[PDB]
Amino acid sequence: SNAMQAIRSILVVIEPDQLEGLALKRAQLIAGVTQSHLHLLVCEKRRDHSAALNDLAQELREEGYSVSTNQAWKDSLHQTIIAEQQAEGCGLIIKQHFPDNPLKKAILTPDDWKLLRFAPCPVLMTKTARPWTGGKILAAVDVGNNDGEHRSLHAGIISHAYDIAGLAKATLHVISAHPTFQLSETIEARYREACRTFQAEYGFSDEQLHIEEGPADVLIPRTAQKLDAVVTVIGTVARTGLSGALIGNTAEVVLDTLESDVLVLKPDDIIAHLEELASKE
């Protein structure tokens, strides 16, 4: 329930030429409550943004924030971001989504996909300009699986989601999607007993907990849209797929579809291995 409070530095990706600055707005809301440090990063080689960065940092410090800034560039946008996260030890990366195609506005750019694949920490991809305050926060889990790996991921998802609901004075909602009649009737009864246990463990009301049958890759966005969720918290697949496919189909589809901000968490052992990879560089 305190996963956000426990994040002590946030890497804020600052864009030089856009007309929205949602990454910094989300960071200000969060740090306003958690008092996390904010490290502002511009990823560019050409222009000297130092004066603008200093002015911005001074304004934020006067507002009471702990702030550092930097401008860097090595190789690619996502690589620059991850190198900065490593150098500053940040526990969250916040970046605004800016689609390449105006006709496919929900699809993440290929570079942002690389960021999500390799970041060894939670990544908040902002996708809406709607304020978090008073909104609806949606946590996506699979109550149908309670093995050690899923319990851990789910606990993380709920912890971050609940902490967000708290800091934003918002409400918390949960979606769980799950893919001879006598036997089916018996198996489903047992699945329901497990949902009830999950509901008691996590103190969710019937109204908060959406238990839906069908493909998670459609159910999660359906629920987000119906709730007009402003943030959706999701986990990547517990076990990586072939050829380093560590995001998984559900999260891939959901990230390219949601209109809400998306907080992307990974399994602890995945994070550990990505931490190792990010360190080699």
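When you see a residue number, it is the position in the sequence shown, counting from 1.
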{"property": "Unresolved deposited residues lying between neighbours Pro179 and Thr180", "result": "4 to 9"}
{"property": "Residue range whose averaged C-alpha B-factor is higher in the record, 85-93 or 103-111", "result": "103-111"}
{"property": "Segment of higher mean CA temperature factor, 125-133 or 94-102", "result": "94-102"}
{"property": "Out of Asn145, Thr171, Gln71, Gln79, highest CA B-factor residue", "result": "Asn145"}
{"property": "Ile164, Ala189, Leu153, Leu116, ranked by C-alpha B-factor: the highest one", "result": "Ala189"}
{"property": "B-factor third for the C-alpha atom of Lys45 within its chain", "result": "middle"}
{"property": "Ranked against its chain, the third holding the CA B-factor of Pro221", "result": "lowest"}
{"property": "B-factor third for the C-alpha atom of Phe198 within its chain", "result": "highest"}
{"property": "Within-chain third of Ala272 by Cα B-factor, per the entry", "result": "highest"}
{"property": "For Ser36, the third of its chain into which the C-alpha B factor falls", "result": "lowest"}
